[PDB]
Each structure stands twice: as C-alpha cells, then as structure tokens.
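These notes concern the structure reproduced below.
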Amino acid sequence: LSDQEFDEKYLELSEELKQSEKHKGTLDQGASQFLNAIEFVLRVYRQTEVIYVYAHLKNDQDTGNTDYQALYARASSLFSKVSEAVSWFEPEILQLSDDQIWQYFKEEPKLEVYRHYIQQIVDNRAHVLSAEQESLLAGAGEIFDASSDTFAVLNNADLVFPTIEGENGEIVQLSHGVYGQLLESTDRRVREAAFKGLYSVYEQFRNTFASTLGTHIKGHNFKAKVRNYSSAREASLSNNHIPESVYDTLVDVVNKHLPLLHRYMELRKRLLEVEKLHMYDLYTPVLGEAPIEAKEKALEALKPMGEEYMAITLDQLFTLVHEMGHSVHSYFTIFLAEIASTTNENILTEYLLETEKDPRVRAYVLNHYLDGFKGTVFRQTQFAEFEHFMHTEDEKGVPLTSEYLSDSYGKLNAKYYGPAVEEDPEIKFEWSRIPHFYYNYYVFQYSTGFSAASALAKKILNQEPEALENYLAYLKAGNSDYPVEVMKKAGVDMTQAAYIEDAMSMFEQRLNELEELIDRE
Amino acid sequence: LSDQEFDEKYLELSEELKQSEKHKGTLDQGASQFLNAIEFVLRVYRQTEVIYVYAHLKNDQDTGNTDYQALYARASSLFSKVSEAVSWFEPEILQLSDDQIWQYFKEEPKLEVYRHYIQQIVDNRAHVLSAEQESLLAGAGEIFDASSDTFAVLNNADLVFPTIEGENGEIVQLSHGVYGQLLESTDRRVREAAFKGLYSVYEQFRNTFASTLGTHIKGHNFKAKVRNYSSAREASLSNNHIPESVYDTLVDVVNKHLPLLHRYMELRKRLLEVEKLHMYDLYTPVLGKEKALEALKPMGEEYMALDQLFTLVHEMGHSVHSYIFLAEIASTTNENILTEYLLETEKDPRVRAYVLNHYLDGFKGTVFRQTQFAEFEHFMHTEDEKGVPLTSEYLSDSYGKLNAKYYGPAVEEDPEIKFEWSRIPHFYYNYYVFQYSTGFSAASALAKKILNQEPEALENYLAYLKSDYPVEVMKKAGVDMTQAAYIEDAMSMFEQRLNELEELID
C-alpha cells in the first residue's frame with residue numbers, strides 16, 4: 001500500500017504529463033499562456049520530486065530491502081520521465097527576451113507568485129541549454145546518479161565486517177550500527193580492534209569505491225563543462241548564489257589555523273596519557289561527564305535573546321537548547337535552520353562558563369565546545385578540501401585511482417592533525433566510507449554555518465547595537481535561496497575571513513583556559 | 001603492442017586533436033575537402049580506438065594494478081575527448097544527400113577505400129542525431145560504461161574468495177583463473193567446495209552487481225530510445241545488419257528442443273553414477289598427426305595446398321580463412337569435419353564413444369549454455385524497458401527458473417545457481433553471446449552440405465571464405481539464419497549423436 005498509493009500517484013502523474021504537449025511552444029502566446037505553463041510544470045515536477053525524495057529516503061533506511069529497492073527504482077524512472085517531458089520549459093522561457101518576460105508580469109499580477117522562480121532562470125541564461133540538450137541530460141539522469149546508488153548498496157547492504165573480541169571479552173560482530181559505540185569505548189584494545197577491523201574491509205574494496213566515487217565526480221565535471229560553468233564547484237554553489245570565495249576563505253582560514261588543532265591534539269594525548277595518539281583514540285571521552293528542571297537554566301541562559309524571543313544530565317541540556325532554537329526558527333518558516341540551533345548552544349555554553357565555578361564542570365564544557373568545533377569546522381573542512389581536490393584533479397585529467405586518492409587523503413589528514421597524532425595506515429582509506437562525497441559540494445556548509453553561528457552569538461552576547469534585531473529578522477526571513485545575503489543582513493559577511501577568525505580566536509582562548517585548568521588540578 | 005608503444009601513440013594522438021575543428025563545416029565544399037576530412041577523422045578515431053581497446057585489455061588482465069588503472073583511465077579520457085571532438089562528422093555527412101555523397105566518390109577515386117564505412121553511415125540516417133546531441137552523448141561516453149568498469153574492478157581486484165583444500169592436503173586460493181580446473185576435478189568434494197565457496201561471495205554481493213548490471217542495461221535502453229530504435233536489441237543487431245528474427249529464431253528453436261539437453265543430463269547422471277546430479281558435477285569428464293592432413297579430404301583440391309588434434313584444425317581453420325563470428329564458422333566447420341572423419345574411420349568403440357561425447361559437450365556449451373545467457377540478456381533489457389525493477393531478488397529468481405527450464409529433471413535445483421547472472425562478464429557486452437550459438441549452428445549446416453556432397457556446397461563455402469553482412473553472406477553460402485531449419489538439423493545431429501552414444505554404452 002506504500003507501493004499501492006505509489007501506484008495511484010504514478011498513474012496520475014503519468015496521465016497529467018500528457019498535457020505537457022499542450023503547453024510546449026505556447027510561452028510566446030501571452031502572459032496567460034505563460035502563467036498556465038509555469039503552473040503546469042511546477043505542479044507536475046514538484047509532485048514527482050516529493051515521491052522521489054520519499055522513496056530515496058526509504059531506500060537509504062534499508063537498502064537491502066527488495067520492496068524498497070523496487071519502490072526507489074520505480075520512482076527514479078518516473079522522475080526522469082517527468083524531468084525529460086518538462087525539459088523544454090526553461091529553454092522556451094529563455095527564447096523570450098528579458099523584457100518580454102517582465103512585460104508579462106505587468107499584464108498578469110498573478111505571475112508575481114513565481115517571479116523569484118522566473119528570476120533564477122533569467123539569471124542562469126548562460127547555463128541553460130537547448131531543448132534537445134536538456135532532454136538528453138534529463139533523460140540520462142539515472143545513469144549519472146547510478147554510482148551513488150551502487151555505493152549506498154555496497155556500503156549498507158553487502159559489506160560485512162569482521163568479528164572482534166568485545167568489551168566483556170565476548171565475540172562482537174562489527175557493523176555500521178555498533179562501530180561508533182566501539183570507537184568510544186574506554187577499553188583501548190576494543191577501540192583499536194574495531195578501527196582495524198572496519199578499515200580492513202574498506203582497504204579490500206578501495207578500488208570499487210574509487211570507481212563509484214570517481215564516476216560521480218566525473219559526472220559533476222561533465223555537467224559543469226557542458227553548462228559553461230568554469231568548474232564543478234562554481235556549478236554547485238551558483239544555484240544557491242554562493243560565491244566561490246566563501247569556500248576559498250573557509251579552506252584558507254582553516255589551513256592558516258591548523259596549529260590550533262595540533263595543539264588540541266597534544267592536549268588530548270596528555271589527557272589520555274598514551275605513548276602515542278592514534279585516530280582510534282580521538283572519539284573516546286577525555287574528561288568523562290561532570291557532576292550535574294533543566295528548563296529554568298535553559299530560559300535563563302537564553303535571556304540575551306530578549307523579550308520577543310523568550311515568549312515565542314549536562315549533554316541533554318545542550319539538546320534542549322538546541323531544539324528550542326530549531327523550534328523558534330520553525331515558527332517563522334537546512335544550513336540556515338542549523339544556525340538558529342548552534343547559536344543557542346553557543347549562548348548556553350557562554351552562560352555556563354560565566355556561572356559555573358567547579359573546575360570539573362568548567363573543564364567539561366570547555367572540552368565539549370572544543371570537541372564540537374573539531375568535528376564541525378576542522379573535520380568537515382578537511383572533507384571540503386578533499387572534495388574540491390578530487391574535482392580539480394579529475395578535471396585536469398589526473399586519474400583518481402585508489403592509490404592516488406589514499407596517498408592524497410593520508411597526506412591531508414597528517415597536515416590537519418599534525419605530529420601529535422600517529423599516521424595510521426588505515427586512515428588513508430577513510431575517503432571511501434564518507435557518504436557526503438556523493439552529494440555535490442555539501443559538507444563545507446557545516447563549517448561556514450558553525451562559524452556564522454559563532455559570530456551571531458558573539459554579537460548578541462555583547463549587546464552589539466543592532467545585533468538582536470538583526471538576528472530576529474534573520475529568523476523572520478526563513479529558508480532562502482540567498483543564504484549569504486541573509487547572513488550579510490544579519491551582520492556576518494561570509495566572503496570575508498573575520499567571522500572565521502573570530503571563531504578561531506574563541507577556540508584558542510577556551511583551549512588556553514582548559515590547559516590552565518588541567519595544570520591547576 | 002606494448003605499453004611503451006601505447007605511450008607513443010597516446011602522445012601523438014593528443015597532438016593531432018587540435019586539427020579537428022579545422023575540418024568541421026567543410027564537407028560540402030567538394031570531393032577533396034570531403035576526402036581530407038574523412039582521412040583525418042577516421043585516422044584519429046580509429047587509432048585512438050586501438051589504444052583504448054589495448055588499455056581496456058591490460059586493465060581487465062590486472063585490474064588491481066595501479067599502472068593499468070591509470071593507463072586505462074588516461075585512455076578512456078582521450079577516447080571520449082576524441083569521440084566528442086569528431087562527433088560533428090556523421091551529422092554533417094548526413095546534411096548532404098546520398099547522391100551528393102556518392103557523386104564525390106565518382107569524382108575522387110581515393111575515396112573508394114572508405115565506401116563501406118560511408119555506406120554504414122548512409123544506412124544509419126534514422127539513428128544519427130544532431131551535432132549538439134552527438135557531442136553530448138560522446139562526451140558522456142565514460143559515464144555510460146562506468147558500471148562495466150566498476151564490475152571489472154569488483155570482480156577482478158576486490159572480491160576475495162574462500163580458500164579450499166584441493167586433492168591433497170593442499171590449500172588452494174580460489175580465483176577466476178583456477179575455478180575452472182577445480183570444477184573439472186574428479187574429486188567430488190573439491191568440486192562442491194569450490195562451487196559453494198565461489199557462490200557464497202556472489203550471494204553476498206548480489207545487490208551491488210544488480211546495481212552495476214542494471215545500470216548497464218539502462219544505458220542500452222536509453223541509447224536505443226534516443227536513437228529511434230524499437231529496442232536495445234535492434235540497436236545492437238543493426239550494426240551488422242542482423243534482423244532480430246535471427247535472435248528470436250535461435251531462442252525459440254533452442255527452447256523447443258530442450259528435451260535433448262535433459263536427456264544428455266540424464267546420461268551424465270548415469271555415467272557419473274551419482275544418486276543426485278548437481279551443477280557442480282556438470283564439468284568433470286564423463287569418459288576416459290597427419291590425421292588433420294587427411295580429415296579435410298572432402299574439402300576439395302583448392303583447400304589442401306585427441307584434443308591437441310582438434311585445436312590444430314581449428315587454428316588451421318581461421319588460418320586458411322586468412323589466405324570474428326565469421327572466422328569462427330570456418331574453424332568450427334573444420335572440427336565438424338574430423339568429428340565426422342573419426343566417427344566414420346575409428347574402429348575401437350571407446351574412441352568412437354569419446355568423440356561422440358566430445359561433440360555433444362561442445363554443443364551443450366556453445367549452443368545451450370550461450371543461448372540461455374542470450375535469453376536472459378534479452379529478458380533483462382525487455383523487463384527494464386517495461387519499467388520492472390531489476391532488483392537482485394527478481395534477477396536471481398528469474399535466473400533460477402531459467403536454469404531449471406534448461407537443465408530439466410535430472411539436475412538438482414542448487415540454490416547457489418540463482419546468483420550466476422552476477423559473475424558473467426558477457427552481460428556487460430551488448431547482445432554478444434547469441435553469436436556463439438548461431439555461428440555454431442551455421443558451421444554445422446555447412447559441414448553437412450560439404451560432407452554430404454551437395455550440388456554447389458563446396459563451391460559456396462570456398463566462395464564465402466574468399467564483412468558487415470554476415471546474414472546475407474551465410475545465405476549465399478546456402479544457410480539461411482532467419483529460418484529455423486539450420487538450427488533444427490543441428491539439433492538432429494545432436495540427437496542422432498546422443499542416440500549413438502547411449503546405444504554404444506549398451
């Protein structure tokens with residue numbers, strides 16, 4: 001019945017689709033015909049996107065499930081069929097002149113509902129192709145995306161990992177579900193064994209993954225080229241009006257501040273007291289929970305948010321505050337929504353550090369912050385740097401073999417972590433297990449967003465004259481195709497280094513405070 | 001061709017590219033301009049194809065080796081670059097009328113060498129697209145066969161197979177190059193262990209292979225549609241002007257005569273003396289030089305001037321034919337010829353029984369097994385076209401039923417065999433295997449015409465061995481592959497020979 005409701009929707013979308021013929025070639029007949037065409041394709045296209053996204057999700061949740069595999073395949077065919085059938089649309093819009101288009105808007109106010117949609121198309125004149133070409137590209141979409149599916153299935157359904165000896169001395173089956181727990185164990189032997197077990201399998205299949213990921217990367221480059229973008233990156237970022245400079249700034253500022261990570265790794269080595277720090281030691285607790293109605297403390301910390309905002313264990317406290325943030329942002333309407341959450345966490349962290357006196361408590365929150373910072377800025381940026389490296393290398397024609405990918409990834413890892421972390425041979429193959437590399441320049445947004453959140457909390461916590469008002473107006477804006485102008489209006493210019501440099505300064509000061517704390521105790 | 005030669009050609013080809021744009025748009029300016037353009041695009045395309053094919057080979061031979069992954073990568077990039085840069089050529093030729101093109105040929109005899117190739121382009125007007133479309137399709141070429149590349153690396157480099165104890169206390173590492181002889185072992189424990197070891201791995205990776213193979217099938221179907229073909233099968237078969245009727249015929253007549261394979265399996269079961277016959281028992285043998293200079297005695301005056309034996313006549317087959325499907329007709333025909341000569345000449349019945357079985361065994365592999373693959377191959381394209389998802393469960397269930405249909409009652413339904421579809425490289429070709437069975441049958445009908453000394457038989461054969469139209473070439477030689485007859489009397493030959501084997505065994 002998930003596939004019987006699907007059956008009804010497929011049939012309905014398929015039949016409605018026949019009316020496509022009627023709209024094609026009419027755009028120049030009048031504002032009315034133009035409106036009707038836009039109404040038709042958006043309606044058909046979006047109803048199909050919904051079904052697609054849904055089936056894809058279900059597939060990802062159990063990729064070994066026949067019924068889900070089948071549903072996702074049927075939904076992919078429908079999507080390409082619809083995309084193909086509607087591919088004449090933007091080329092035909094573009095056969096009109098800019099001034100004919102806005103002339104239609106004067107004649108038919110109702111079109112105002114779509115102006116922002118028609119605007120993108122007009123602004124993208126150089127990257128939209130002819131009906132013939134768009135038809136080929138749309139119809140081939142399944143082929144372009146296939147290697148992501150192969151990856152998903154191999155990674156989640158077919159790979160099986162070895163057995164290890166577990167925490168109580170019992171046989172434990174390694175798997176995606178259990179691995180993270182095992183990497184956090186206070187039992188170092190179990191950590192080392194889980195890490196080596198998992199990586200023995202990625203190493204075995206490194207050629208297959210290079211092939212799947214390589215193909216994915218090739219498709220981005222090919223599409224960028226035939227659409228007249230100067231690169232795959234410009235292509236992905238443009239459709240969100242993100243200038244390439246936000247990406248360069250992120251990678252450059254993070255590279256210039258790697259010594260801060262290096263230092264944080266020395267501290268972790270000291271805390272663990274191990275002879276040598278390895279990748280399999282970075283996710284286990286170094287401090288281990290501080291001795292602590294979390295609602296009162298929540299509302300108290302968020303006070304700097306002000307009157308308007310208010311009316312509208314220690315880890316769970318952060319969660320509560322994190323959710324309130326998403327909850328208030330939801331009230332007005334993903335990276336843009338993540339900011340409202342992280343900003344709140346930032347405000348609770350600062351509040352704790354201004355009120356907590358117990359050294360164990362202070363240490364816990366200092367390290368909790370540095371830790372989140374390690375994962376969301378340094379690690380995601382590492383990934384963003386590798387993602388770009390793969391595209392630029394492939395575009396220059398250098399083969400992305402597993403050997404080259406692994407040696408490259410190994411080097412980048414060592415650059416990021418520094419001499420305090422041993423160069424584990426296993427980690428050269430990590431590139432192959434990261435799902436995000438099969439998106440399209442997605443991961444860097446974790447790091448820019450985190451930095452933005454940091455800049456926004458710092459403006460609020462110091463009552464910068466128009467800080468509150470501007471943050472609230474960013475809440476009232478809602479999800480937008482223009483994240484950097486939204487941010488710019490809220491006082492964070494993401495094209496410039498300062499906002500990341502401010503976060504870095506905070507990482508350093510809190511790092512310095514944690515060290516001094518460790519020395520006293 | 002060596003790696004060093006490859007690098008030399010690779011380098012030169014990179015350079016010649018800059019001269020493609022210089023010929024674009026000149027085809028209507030006269031016979032010379034036309035000739036100059038064709039000399040250039042055909043040189044650069046073909047030579048780039050030659051080194052791509054080579055790199056593709058070294059890669060399939062040593063898929064885990066970085067040297068060859070890189071070589072093949074740099075060859076695929078070049079080949080797609082060359083294909084794209086030269087993609088304007090066919091559409092521009094076709095902007096001329098056929099009579100303008102052939103007029104060029106009358107005006108410029110140095111074009112005559114290219115007639116056959118232009119014929120093909122001229123015959124393909126309905127399936128060649130615009131410059132913009134051909135450019136897009138050629139540039140995406142690497143994306144379209146990526147999944148074949150993924151198959152090869154998974155299958156050749158990454159999959160690790162179990163270890164087994166061979167016919168000593170000997171620990172043998174299972175691999176592709178060594179599986180076959182394990183299956184031929186007289187030791188039943190080794191056979192079964194190799195069989196299950198191998199399929200334990202394909203079972204685990206059935207989803208990944210379904211995804212690479214299904215992606216491959218989709219590419220075919222998509223290409224077929226945009227080029228205005230009625231199916232992927234028609235699209236592939238049209239390259240050698242083979243009507244689909246030769247494929248349907250092959251499958252129908254083979255299906256109709258499956259009882260013959262069943263009987264053969266029945267007999268294998270008795271000769272092996274096993275209470276239950278399994279897939280892993282099917283390859284172990286059931287039984288225990290100027291002869292070649294004589295065997296070809298009914299081949300005519302012109303022609304002239306136990307396993308080792310057959311191979312010398314096979315290779316002497318494609319050797320005489322030089323004084324691919326086609327060359328294999330002439331080689332298999334020669335084998336048909338001594339099978340008859342031994343059969344007529346050999347007095348001792350154990351030798352008589354061997355060649356009988358040798359023939360039927362070759363038959364079982366080249367016609368029945370290859371046709372089974374041909375049928376499944378068509379089934380996959382056909383289902384995918386109708387929109388039915390090719391999940392591994394469906395592929396495996398369908399492959400299971402198809403395997404049972406073919407082998408019949410005497411053969412146990414081994415659950416492992418459901419996953420065989422995933423290890424067969426030819427499914428990543430493009431409607432290729434069916435030629436084995438048609439070629440075999442055609443070679444059989446020619447041999448009969450020859451051995452039976454029919455009206456003009458000899459003449460025709462040695463007029464055949466004296467192209468791109470194999471069907472008509474064969475028809476001229478007196479065997480019509482659009483009809484059932486030629487396969488039906490190959491089946492009679494299989495049936496008669498079986499009858500003789502059994503009747504001998506008693």
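Going by the structure tokens order, chains are called A, B, ..., each with residues numbered from 1, while ligands are numbered from 1 in the order shown.
If you take only C-alpha atoms and a cut-off of 7 Å, the residues of chain A that reach chain B are residues 66, 69, 70, 73, 74, 132, 133, 143, 144, 146, 150, 153, 154, 158, 204, 205, 207, 208, 211, 212, 215, 219, 399, 401 and 403 of chain A.
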Please return as a ChimeraX atom specification: the residues of segment 103-278 of chain A that backbone DSSP assigns to helix (DSSP H, G or I).
-> /A:103-107,109-122,125-127,131-139,141-158,176-183,188-204,206-226,232-238,244-256,258-272
Using only C-alpha atoms, determine which residues lie at most 12 Å from residue 470 of chain B, disregarding the query and same-chain residues fewer than 4 positions distant; provide the list as a ChimeraX atom specification.
-> /B:237-243,246,324-327,329,435,438-439,442,464-465,474-477,479-482
Save out the residues we just selected, N, CA and C atoms, as a PDB file, in the first residue's frame.
```pdb
ATOM      1  N   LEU B 237      21.910  -5.198 -32.847  1.00  0.00           N
ATOM      2  CA  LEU B 237      21.928  -6.058 -34.031  1.00  0.00           C
ATOM      3  C   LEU B 237      22.026  -5.312 -35.363  1.00  0.00           C
ATOM      4  N   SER B 238      21.600  -4.052 -35.410  1.00  0.00           N
ATOM      5  CA  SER B 238      21.619  -3.315 -36.692  1.00  0.00           C
ATOM      6  C   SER B 238      23.034  -2.991 -37.212  1.00  0.00           C
ATOM      7  N   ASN B 239      23.991  -2.861 -36.297  1.00  0.00           N
ATOM      8  CA  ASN B 239      25.393  -2.631 -36.640  1.00  0.00           C
ATOM      9  C   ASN B 239      25.945  -3.657 -37.638  1.00  0.00           C
ATOM     10  N   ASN B 240      25.570  -4.921 -37.487  1.00  0.00           N
ATOM     11  CA  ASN B 240      25.892  -5.931 -38.501  1.00  0.00           C
ATOM     12  C   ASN B 240      24.684  -6.354 -39.338  1.00  0.00           C
ATOM     13  N   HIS B 241      23.719  -5.453 -39.508  1.00  0.00           N
ATOM     14  CA  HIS B 241      22.522  -5.730 -40.318  1.00  0.00           C
ATOM     15  C   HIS B 241      21.922  -7.107 -40.061  1.00  0.00           C
ATOM     16  N   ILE B 242      21.841  -7.472 -38.792  1.00  0.00           N
ATOM     17  CA  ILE B 242      21.259  -8.733 -38.382  1.00  0.00           C
ATOM     18  C   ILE B 242      19.814  -8.500 -37.976  1.00  0.00           C
ATOM     19  N   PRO B 243      18.865  -9.097 -38.697  1.00  0.00           N
ATOM     20  CA  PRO B 243      17.487  -8.899 -38.263  1.00  0.00           C
ATOM     21  C   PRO B 243      17.233  -9.583 -36.927  1.00  0.00           C
ATOM     22  N   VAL B 246      16.730 -13.461 -36.427  1.00  0.00           N
ATOM     23  CA  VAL B 246      17.740 -14.492 -36.163  1.00  0.00           C
ATOM     24  C   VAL B 246      17.866 -14.788 -34.665  1.00  0.00           C
ATOM     25  N   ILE B 324      34.513 -11.306 -36.334  1.00  0.00           N
ATOM     26  CA  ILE B 324      35.131 -12.527 -35.822  1.00  0.00           C
ATOM     27  C   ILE B 324      34.198 -13.727 -35.966  1.00  0.00           C
ATOM     28  N   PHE B 325      32.938 -13.538 -35.580  1.00  0.00           N
ATOM     29  CA  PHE B 325      31.888 -14.545 -35.754  1.00  0.00           C
ATOM     30  C   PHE B 325      32.133 -15.417 -36.988  1.00  0.00           C
ATOM     31  N   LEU B 326      32.428 -14.761 -38.108  1.00  0.00           N
ATOM     32  CA  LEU B 326      32.659 -15.427 -39.389  1.00  0.00           C
ATOM     33  C   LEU B 326      33.862 -16.363 -39.402  1.00  0.00           C
ATOM     34  N   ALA B 327      34.989 -15.897 -38.880  1.00  0.00           N
ATOM     35  CA  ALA B 327      36.201 -16.711 -38.879  1.00  0.00           C
ATOM     36  C   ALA B 327      36.005 -17.973 -38.035  1.00  0.00           C
ATOM     37  N   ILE B 329      33.188 -19.613 -37.878  1.00  0.00           N
ATOM     38  CA  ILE B 329      32.415 -20.536 -38.683  1.00  0.00           C
ATOM     39  C   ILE B 329      33.379 -21.495 -39.364  1.00  0.00           C
ATOM     40  N   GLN B 435      25.779 -14.893 -30.765  1.00  0.00           N
ATOM     41  CA  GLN B 435      26.561 -15.203 -31.962  1.00  0.00           C
ATOM     42  C   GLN B 435      27.303 -16.532 -31.842  1.00  0.00           C
ATOM     43  N   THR B 438      24.499 -19.226 -32.979  1.00  0.00           N
ATOM     44  CA  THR B 438      24.198 -19.101 -34.395  1.00  0.00           C
ATOM     45  C   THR B 438      25.416 -19.493 -35.229  1.00  0.00           C
ATOM     46  N   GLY B 439      26.596 -19.050 -34.812  1.00  0.00           N
ATOM     47  CA  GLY B 439      27.827 -19.395 -35.524  1.00  0.00           C
ATOM     48  C   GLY B 439      28.073 -20.890 -35.516  1.00  0.00           C
ATOM     49  N   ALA B 442      25.421 -22.514 -37.840  1.00  0.00           N
ATOM     50  CA  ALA B 442      25.750 -22.247 -39.236  1.00  0.00           C
ATOM     51  C   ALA B 442      26.920 -23.108 -39.704  1.00  0.00           C
ATOM     52  N   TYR B 464      32.554 -18.193 -49.799  1.00  0.00           N
ATOM     53  CA  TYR B 464      32.352 -17.463 -48.568  1.00  0.00           C
ATOM     54  C   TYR B 464      33.706 -17.054 -47.998  1.00  0.00           C
ATOM     55  N   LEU B 465      34.612 -18.014 -47.836  1.00  0.00           N
ATOM     56  CA  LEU B 465      35.907 -17.686 -47.247  1.00  0.00           C
ATOM     57  C   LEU B 465      36.810 -16.905 -48.210  1.00  0.00           C
ATOM     58  N   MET B 474      26.094 -15.663 -45.287  1.00  0.00           N
ATOM     59  CA  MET B 474      25.735 -17.025 -44.953  1.00  0.00           C
ATOM     60  C   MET B 474      24.644 -17.578 -45.876  1.00  0.00           C
ATOM     61  N   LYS B 475      23.654 -16.744 -46.194  1.00  0.00           N
ATOM     62  CA  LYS B 475      22.563 -17.143 -47.075  1.00  0.00           C
ATOM     63  C   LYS B 475      23.105 -17.506 -48.449  1.00  0.00           C
ATOM     64  N   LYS B 476      24.078 -16.730 -48.919  1.00  0.00           N
ATOM     65  CA  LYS B 476      24.724 -17.007 -50.199  1.00  0.00           C
ATOM     66  C   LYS B 476      25.431 -18.355 -50.137  1.00  0.00           C
ATOM     67  N   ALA B 477      25.976 -18.681 -48.968  1.00  0.00           N
ATOM     68  CA  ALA B 477      26.601 -19.979 -48.732  1.00  0.00           C
ATOM     69  C   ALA B 477      25.557 -21.076 -48.506  1.00  0.00           C
ATOM     70  N   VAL B 479      22.940 -21.248 -46.196  1.00  0.00           N
ATOM     71  CA  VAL B 479      22.308 -21.413 -44.894  1.00  0.00           C
ATOM     72  C   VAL B 479      21.626 -20.119 -44.479  1.00  0.00           C
ATOM     73  N   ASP B 480      20.311 -20.189 -44.289  1.00  0.00           N
ATOM     74  CA  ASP B 480      19.516 -19.001 -44.003  1.00  0.00           C
ATOM     75  C   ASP B 480      19.166 -18.903 -42.533  1.00  0.00           C
ATOM     76  N   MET B 481      19.815 -17.967 -41.847  1.00  0.00           N
ATOM     77  CA  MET B 481      19.716 -17.850 -40.392  1.00  0.00           C
ATOM     78  C   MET B 481      18.466 -17.123 -39.907  1.00  0.00           C
ATOM     79  N   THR B 482      17.621 -16.683 -40.838  1.00  0.00           N
ATOM     80  CA  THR B 482      16.350 -16.082 -40.451  1.00  0.00           C
ATOM     81  C   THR B 482      15.320 -17.171 -40.159  1.00  0.00           C
TER      82      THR B 482
END
```
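The nearest approach to residue 265 of chain A among the residues A:247, A:471, A:499, A:416, with only C-alpha atoms taken into account, belongs to A:416.
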Mind pulling up the distance from atom CA of residue 397 of chain B to atom CA of residue 251 of chain B?
-> 20.0 Å
Residues within 9 Å of residue 392 of chain A, only C-alpha atoms, excluding chain neighbours under 5 positions, as a list in words = residues 221, 231, 232, 387, 397 and 398 of chain A
Please produce an output containing C-alpha atoms for each residue in the selection, written as an mmCIF file, in the first residue's frame.
```
data_model
loop_
_atom_site.group_PDB
_atom_site.id
_atom_site.type_symbol
_atom_site.label_atom_id
_atom_site.label_comp_id
_atom_site.auth_asym_id
_atom_site.auth_seq_id
_atom_site.Cartn_x
_atom_site.Cartn_y
_atom_site.Cartn_z
ATOM 1 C CA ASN A 221 32.690 17.813 -14.163
ATOM 2 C CA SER A 231 34.223 24.409 -12.636
ATOM 3 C CA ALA A 232 32.162 21.789 -10.827
ATOM 4 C CA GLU A 387 36.145 17.067 -2.225
ATOM 5 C CA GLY A 397 42.833 14.686 -16.300
ATOM 6 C CA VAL A 398 44.685 13.043 -13.434
#
```
If you count only C-alpha atoms, which residues fall within 8 Å of residue 78 of chain A, apart from same-chain ones fewer than 6 positions away, as an NGL selection string?
-> :A and (10 or 14 or 48)
Based on the selection just made, write C-alpha atoms of those residues as a PDB file, in the first residue's frame.
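Result file follows (selection.pdb):
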```pdb
ATOM      1  CA  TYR A  10       2.348   7.124 -10.690  1.00  0.00           C
ATOM      2  CA  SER A  14       1.819   9.847 -15.889  1.00  0.00           C
ATOM      3  CA  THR A  48       7.250  13.950  -8.602  1.00  0.00           C
TER       4      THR A  48
END
```
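Residues within 12 Å of residue 365 of chain B, counting only C-alpha atoms and excluding same-chain residues fewer than 2 positions away, are residues 261, 282, 283, 358, 359, 360, 361, 362, 363, 367, 368, 369, 370, 371, 372, 373, 433, 436, 437 and 440 of chain B.
Going from atom CA of residue 316 of chain B over to atom CA of residue 356 of chain B, you cover 22.0 Å.
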For residue 178 of chain B: contacts at 12 Å, only C-alpha atoms, fewer than 2 positions along chain excluded, given as a ChimeraX atom specification = /B:161,163-164,166,172-176,180-185,191,194-195,198
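The smallest atom-to-atom distance between residue 336 of chain A and any of A:324, A:475, A:421, A:310, using only C-alpha atoms, is found for A:475.
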Distance in Å - atom CA of residue 433 of chain A versus atom CA of residue 261 of chain A = 23.1 Å
Find, counting only C-alpha atoms, the residue in A:145, A:407, A:338, A:485 that gets nearest to residue 240 of chain A.
-> A:485
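The smallest atom-to-atom distance between residue 141 of chain A and any of A:82, A:287, A:182, A:272, using only C-alpha atoms, is found for A:82.
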